[PDB]
Amino acid sequence: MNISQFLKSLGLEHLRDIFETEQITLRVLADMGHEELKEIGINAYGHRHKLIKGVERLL
Amino acid sequence: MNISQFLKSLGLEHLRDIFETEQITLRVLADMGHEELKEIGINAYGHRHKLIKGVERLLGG
Amino acid sequence: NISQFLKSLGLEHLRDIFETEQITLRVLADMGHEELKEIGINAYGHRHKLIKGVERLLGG
Amino acid sequence: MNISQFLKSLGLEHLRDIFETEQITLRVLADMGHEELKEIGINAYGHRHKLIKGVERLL
Amino acid sequence: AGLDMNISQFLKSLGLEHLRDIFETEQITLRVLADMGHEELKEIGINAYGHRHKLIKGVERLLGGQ
Amino acid sequence: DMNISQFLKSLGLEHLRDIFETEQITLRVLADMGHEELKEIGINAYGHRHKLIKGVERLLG
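Protein chains in written order, with the authors' numbering: chain E, 1029 to 1087; chain D, 1029 to 1089; chain A, 1030 to 1089; chain B, 1029 to 1087; chain C, 1025 to 1090; chain F, 1028 to 1088.
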């Protein structure tokens, strides 16, 4: 629901600072792919994969 | 339409001073991408994304 | 929106050219005299009103 | 009497869009202090000072 | 407190009659409006500071002041 | 790499002629100028700096 709650559900709460600094809401995240997520500092494929598939589960 | 109403609609009124100092009109904003917006001090991806998509919705059908 | 735009310039008769050519306000903003001649706006006066209209509307 | 004419007289015409978007009339501006003006985005003390003192004369 | 007044008449008196639909949809009476500040009014869609200011000061004058 | 007066006219920035004359900005000086350097000589609008930078880029290439 909130981006903090979304990350917690994927076990990715430790990524919270990137999302806060870049002002990424769960709605902004919905329009983001691998290239956009690499741009904001999500360097691990596994993390981007979890985020992309996580938004797909909802959206 | 004007920038002040445009920013308010996206909930980005706090960016009003950057737009005023840089004399950014909707015409200028329409040709701006992520690199151009970073140049004027819009450092958050989320803010640039909202601006870019906002102009797309505004000037599209 | 583009229909509202044309109406404001008294150019409502150009609605069909704009619809057929899929010209939105974003497309119109990047168009000059040569591009407008290409879609069939043959009168200078009409192209001038469109170009200056987008300039006034967008800031700008 | 027109907020646009008032702003012009103080050399603060650049502030017109904030006043229009926030629907601030001279009557509204008359009950506004430094805290209320900061709230609508008048971030410079000098600008708030000119506005407050400007309305004080218009009485 | 005597604020049993018609919200339609209240808005008209402030020159804010155009807000009639927000107040009707949200079922805002004068008694509800009396406990509302800038944050609560922003929440129901009253986005202009000037409009919220007029409403808050309008209820104050109807209540005596502050 | 001609007279600066012709360059500004081509971009519709002829009103900037006095800044360029007073600051003794030639096209070769302008070619090494970015957004920070142009802000320093009084070009406060992003749109004007953008037009100047991109204008010299086209001239060079």
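Using N, Cα and C, we set each Cβ at its ideal position, and we do this for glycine too.
Give me the chain F residues within the contact set of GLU1067 of chain D, using Cβ-Cβ distance strictly less than 8 Å, ordered along the chain.
Residue mapping note: residue 1067 of chain D aligns to position 39 of the second sequence, counting from 1. What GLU1067 of chain D touches in chain F: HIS1062 and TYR1073.
Contacts that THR1049 of chain D makes with chain A (C-beta to C-beta distance below 9 Å)
As a position in the second sequence, residue 1049 of chain D is number 21, starting the count at 1. Per Cβ cutoff of 9 Å: no residues; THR1049 of chain D is ~16 Å from chain A at best.
Amino acids of chain B, ordered along the chain, whose beta-carbon sits closer than 8 Å to that of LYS1078 of chain C
The residue you call residue 1078 of chain C lines up with position 54 of the fifth sequence. Chain B residues near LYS1078 of chain C: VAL1056.
Could one say the Cβ of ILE1052 of chain D lies closer than 8 Å to chain F's Cβ atoms, at least one of them?
Counted from its first residue, the second sequence places residue 1052 of chain D at position 24. Yes, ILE1052 of chain D lies at the interface with chain F (some Cβ there is under 8 Å from its Cβ).
Beta-carbon proximity list for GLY1039 of chain A, same chain, < 7 Å, skipping 5 on both sides:
The sequence position of residue 1039 of chain A within the third sequence is 10, counting from 1. Answer for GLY1039 of chain A: no residue qualifies.
Are the beta-carbon atoms belonging to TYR1073 of chain F and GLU1050 of chain D less than 8 Å from one another?
Your numbering for residue 1073 of chain F matches position 46 in the sixth sequence. Your numbering for residue 1050 of chain D matches position 22 in the second sequence. A contact, by the Cβ cut-off of 8 Å.
Taking only the alpha-carbon atoms, compute the straight-line gap between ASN1030 of chain F and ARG1044 of chain F and give it to the nearest angstrom.
Here residue 1030 of chain F is taken as the residue at index 3 of the sixth sequence, counted from 1. Here residue 1044 of chain F is taken as the residue at index 17 of the sixth sequence, counted from 1. If I take the Cα positions, the gap works out to 11 Å.
If you draw a straight line from the C-alpha of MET1060 of chain D to the C-alpha of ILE1068 of chain C, how long is it?
For this step, residue 1060 of chain D is matched to residue 32 along the second sequence. For this step, residue 1068 of chain C is matched to residue 44 along the fifth sequence. Their Cα atoms are separated by approximately 33 Å.
Helix, strand or coil, according to DSSP, for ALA1058 of chain B in the structure here?
As a position in the fourth sequence, residue 1058 of chain B is number 30, starting the count at 1. If DSSP states are grouped into helix, strand and coil, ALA1058 of chain B belongs with the helices.
Which term fits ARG1055 of chain C, buried or exposed, when burial requires 16 or more other beta carbons within 10 angstroms of its beta carbon?
One-based indexing of the fifth sequence puts residue 1055 of chain C at position 31. Flag for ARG1055 of chain C reads exposed.
With a threshold of 8 Å between beta carbons, is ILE1070 of chain B in contact with chain D?
The sequence position of residue 1070 of chain B within the fourth sequence is 42, counting from 1. No, no contact with chain D.
Do you know offhand how far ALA1058 of chain B's Cα is from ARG1076 of chain C's?
Within the fourth sequence, residue 1058 of chain B is the residue found at index 30, counting from 1. Within the fifth sequence, residue 1076 of chain C is the residue found at index 52, counting from 1. Answer to the nearest angstrom: the Cα atoms are 15 Å apart.
So with CB distances below 9 Å, who are the chain C contacts of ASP1059 of chain B?
Along the fourth sequence, one-based indexing puts residue 1059 of chain B at 31. The answer, in chain order, is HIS1077 and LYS1081.
So which residues on chain D does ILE1031 of chain B lean against when the C-beta distance must stay under 9 Å?
As a position in the fourth sequence, residue 1031 of chain B is number 3, starting the count at 1. Under a criterion of Cβ atoms nearer than 9 Å, no residue of chain D is adjacent to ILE1031 of chain B; the nearest Cβ is some 14 Å distant.
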